[PDB]
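*Asks:* One structure is given below, represented as structure tokens, and several questions about it will come after.
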Amino acid sequence: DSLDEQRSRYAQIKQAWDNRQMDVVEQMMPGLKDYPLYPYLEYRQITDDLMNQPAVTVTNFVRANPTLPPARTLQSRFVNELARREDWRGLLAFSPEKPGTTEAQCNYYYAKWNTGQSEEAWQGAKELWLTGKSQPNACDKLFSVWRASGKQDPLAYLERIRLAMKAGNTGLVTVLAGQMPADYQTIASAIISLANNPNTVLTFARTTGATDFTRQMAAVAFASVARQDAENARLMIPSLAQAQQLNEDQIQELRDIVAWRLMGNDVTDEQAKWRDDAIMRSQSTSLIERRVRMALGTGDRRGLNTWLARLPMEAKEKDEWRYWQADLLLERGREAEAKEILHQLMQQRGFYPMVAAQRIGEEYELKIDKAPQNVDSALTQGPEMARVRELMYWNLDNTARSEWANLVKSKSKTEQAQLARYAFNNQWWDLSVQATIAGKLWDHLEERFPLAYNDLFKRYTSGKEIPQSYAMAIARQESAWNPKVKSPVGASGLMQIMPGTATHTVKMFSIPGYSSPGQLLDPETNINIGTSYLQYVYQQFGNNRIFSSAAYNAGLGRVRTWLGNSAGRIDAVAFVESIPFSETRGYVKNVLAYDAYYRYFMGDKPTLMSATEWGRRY
Ligand SMILES: CC(=O)N[C@H]1[C@H](O[C@H]2C[C@@H](C(=O)NCCS(=O)(=O)O)[NH2+][C@@H]2CO)O[C@H](CO)[C@@H](OS(=O)(=O)O)[C@@H]1O
């Protein structure tokens with residue numbers, strides 16, 4: 001027998017197992033005893049009839065298999081099965097220490113109360129209760145025997161309504177207030193009203209006693225009315241401060257809540273002066289920084305100077321703010337002072353280090369740390385590394401991921417450097433980037449920006465105007481080179497193409513044979529629909545990589561509105577730095593820099609922005 005024979009029997013046993021030919025599976029499994037991935041086939045057999053599986057069998061799977069990611073999911077999973085069974089004496093014997101999952105922990109503490117360890121159940125119920133996030137259904141039987149025990153503190157109860165309202169969980173607020181501790185039963189209708197309809201907030205304030213609870217409830221509802229109508233909220237602040245005997249620091253916070261809502265170029269000149277007053281009076285670095293960003297995207301050189309200076313000493317240390325202080329200093333004629341700041345920034349890594357070298361006309365120097373010439377045995381020789389080798393062979397990238405996480409996680413910065421290089425050398429490109437992140441090996445440039453899928457980006461950007469490096473830069477940022485990633489909200493694959501976008505792109509460009517979203521997990525299909533959407537977005541924004549990158553992430557239209565606000569008034573960097581969306585702002589900064597490292601590795605000059613990008617006005 002041999003590893004190659006073992007791979008055909010694995011593929012063949014998975015076919016029969018998926019088609020349910022259990023007689024063939026039965027026959028075939030004991031032979032696969034020595035294949036790296038046999039724990040997975042055992043895990044599959046066990047989870048296949050879990051409802052009538054004995055604790056002995058599950059306990060021995062877990063016991064022999066400590067480094068294996070699905071063994072841990074089985075603990076938390078069999079705990080809930082013993083809970084379904086109502087075997088509370090079996091659950092504690094199986095899982096003596098709390099499990100990792102929230103459903104599992106709820107069940108584990110309800111088991112403690114059923115086996116007489118009550119004060120342990122209440123240490124668990126209290127810590128599962130202090131949260132405005134809705135908990136598992138499992139947990140509802142814990143919290144009722146707790147509450148019924150008289151051991152539930154009435155403040156622990158009000159604090160969960162305080163946490164639920166802050167978290168936007170207006171539903172948990174209504175159930176919570178719905179069956180309430182008799183000590184607070186007079187404010188229970190007011191709290192349901194406020195959560196339902198926030199505009200009632202002044203009535204809440206002017207009705208209930210002003211305690212710190214009622215003030216925090218009224219503050220969160222207030223934040224909601226400023227979002228519906230900023231003028232309503234602005235004028236409501238004197239009555240609210242009165243009704244609740246609000247201290248000055250409390251009143252400054254109501255002003256910041258409204259100030260945030262008056263940041264457009266559609267607020268009345270009365271609103272603008274009110275706003276800037278509140279902001280000049282604020283202890284909030286974020287509100288002041290949004291304000292600097294407003295001076296920047298409007299070309300206001302005086303507001304920039306004024307507001308930049310109001311930033312806390314700590315904030316002024318940030319690369320962008322260090323760059324816009326040297327920007328203003330250069331206007332005022334203070335050349336040496338300013339070029340000291342741009343030469344120091346040029347010693348660091350990233351967007352502003354590169355913008356600075358470009359701005360004063362010097363060559364940016366890339367610092368690339370050499371990765372070790374030896375990746376010795378122990379790492380490279382284990383059990384877990386053999387499961388990783390196989391999982392990658394079968395393109396099981398997200399499973400390979402979880403196995404690599406455990407493996408790189410407790411080694412020294414040198415072995416994590418060897419592990420990156422090893423993966424780099426077997427062309428496991430997403431595993432190279434992961435070991436780099438994990439081991440924070442930030443100046444190991446080769447292993448962080450590997451030239452992945454070169455011939456396919458080559459091919460699919462040959463009849464297109466978008467440079468190849470800019471295409472690999474988008475993929476690098478989107479998925480960090482994992483073919484099978486799927487975002488929270490549906491974005492799939494190598495270039496993280498939304499389904500709705502894949503549909504419209506295959507229609508505009510008349511692309512053949514793309515029937516379903518799952519095809520977005522194929523490298524070549526994803527690179528074809530994706531480079532097609534990126535060339536579409538590039539050409540309608542005049543071949544400018546600032547506009548095409550923010551357009552691919554947020555869409556065409558949001559970018560078109562941002563071009564409407566600045567209106568020809570500002571420069572490239574100030575257009576980037578003033579994008580009102582944190583994700584898209586961060587996005588353009590990484591795609592522009594990453595594009596410079598792929599150009600460098602492809603042999604061309606790693607300059608951050610083209611002459612037509614740098615000279616245009618925005
Ligand atoms: C390539 C692609 O599909 N791009 C789409 C983009 O995806 C973004 C969405 C984002 C995403 O999934 N972000 C994470 C969301 S979360 O924080 O994890 O919840 N990444 C994707 C590609 O970069 O979302 C915007 C918004 O509609 C779309 O613009 S619009 O259709 O014209 O309005 C745009 O077409």
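Sequential numbering of the sequence shown, starting at 1, is according to the deposited numbering. Using N, Cα and C, we set each Cβ at its ideal position, and we do this for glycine too.
#1: Would you mind giving the Cβ-Cβ distance between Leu240 and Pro606, rounded to the nearest angstrom? I have them listed as a contact below 8 Å.
#2: Assign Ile511 to one of three DSSP states: helix, strand, or coil.
#3: Drop a sphere of 10 angstroms on the beta-carbon of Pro372, count the other beta-carbons inside from all chains shown, and report buried for 16 or more, exposed for fewer.
#4: Looking only at DSSP bridge pairs, what is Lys486 linked to?
#5: Is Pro523 close to ligand 1? I mean its beta-carbon at under 7 Å from any heavy atom of the ligand.
#6: My parser needs the alpha helix (DSSP H) runs of 4 or more residues fully inside the segment 81-167; what are they?
#7: Determine, using beta carbons only, whether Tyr422 and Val375 come nearer to each other than 8 Å.
#8: Are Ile257 and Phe222 closer than 8 Å when you measure CB to CB?
#9: Roughly how many whole angstroms lie between the Cα atoms of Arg459 and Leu128?
#10: I'd like to know whether the C-beta atoms of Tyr597 and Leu451 end up nearer to each other than 8 Å.
#11: Taking the alpha carbon of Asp34 as the reference point, which residue from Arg291, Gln434, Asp4 and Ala55 has its own alpha carbon closest?
#12: How long is the line joining the alpha carbons of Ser224 and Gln250, rounded to whole angstroms?
#13: Which class does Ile46 belong to by DSSP, given the choice of helix, strand or coil?
#14: Beta-carbon separation of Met51 and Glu26 under 8 Å?
#15: Mapping the DSSP letters down to three states, classify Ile497 as helix, strand or coil.
#16: Which of the three DSSP states, helix, strand or coil, is assigned to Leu41?
#17: Taking the C-alpha atoms as reference points, what is the distance between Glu384 and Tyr108?
#18: Sort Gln244, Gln242 and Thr268 by Cα distance to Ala230 and report the nearest one.
#19: Three Cβ pairs or more, each shorter than 8 Å: is that satisfied between the segment 504-515 and the segment 472-489?
#20: Which ranges would you report for the beta strand (DSSP E) in the segment 343-398 if only whole runs of at least 3 residues count?
#21: At a cut-off of 7 Å, is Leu556 close to ligand 1 when judged by its beta-carbon and the heavy atoms of the ligand?
#22: What separation, rounded to the nearest whole angstrom, lies between the Cα atoms of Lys141 and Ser134?
#23: To the nearest angstrom, report how far apart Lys14 and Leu342 are at their CA atoms.
#24: Under 8 Å by Cβ, that's how I've got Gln105 and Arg162 pegged, so tell me the actual separation to the nearest angstrom.
#25: Check the C-beta distance from residue 629 over to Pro517 and give it rounded, since I have them as a contact under 8 Å.
#26: What is the rounded straight-line gap between the Cα of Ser377 and the Cα of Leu407?
#27: Just to check my reading of the structure: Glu465 and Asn528 have Cβ atoms closer than 8 Å, yes? What is that Cβ distance to the nearest angstrom?
#28: Could you tell me if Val588 is buried or exposed, where buried requires 16 or more neighbouring beta carbons within 10 angstroms of its beta carbon?
#29: Which term fits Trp442, buried or exposed, when burial requires 16 or more other beta carbons within 10 angstroms of its beta carbon?
#30: Taking buried to mean at least 16 other C-beta atoms within 10 Å of its own C-beta, is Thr101 buried or exposed?
#31: With a threshold of 7 Å on Cβ separation, who are the neighbours of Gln519 within its own chain once the five nearest residues in sequence on each side are excluded?
#32: Mapping DSSP to helix, strand and coil, what is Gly264?
#33: Nearest-angstrom Cα distance between residue 621 and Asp595?
#34: Suppose you measure from the CA of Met22 to the CA of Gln45; what does that come to, to the nearest Å?
#35: What's the gap between the Cα of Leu68 and the Cα of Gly555?
#36: Could you tell me the alpha carbon to alpha carbon distance between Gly150 and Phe78, rounded to whole angstroms?
*Replies:* If we stick to the structure as given:
#1: Not quite, the Cβ-Cβ distance comes to about 55 Å (not below 8 Å), so this is no contact.
#2: coil
#3: exposed
#4: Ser492
#5: no
#6: 88-94, 102-114, 118-129, 139-148 and 154-166
#7: yes
#8: yes
#9: 54 Å
#10: no
#11: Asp4
#12: 17 Å
#13: helix
#14: no
#15: strand
#16: helix
#17: 30 Å
#18: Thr268
#19: no
#20: none
#21: yes
#22: 14 Å
#23: 59 Å
#24: Not quite, the Cβ-Cβ distance comes to about 23 Å (not below 8 Å), so this is no contact.
#25: This structure does not reach residue 629, given that the chain is present from 1 up to 618, and the question cannot be answered.
#26: 14 Å
#27: No, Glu465 and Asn528 are not in contact; Cβ-Cβ is about 16 Å, not under 8 Å.
#28: buried
#29: exposed
#30: buried
#31: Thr525
#32: coil
#33: Here the chain has residues from 1 to 618 only, and residue 621 is not among them.
#34: 11 Å
#35: 41 Å
#36: 31 Å
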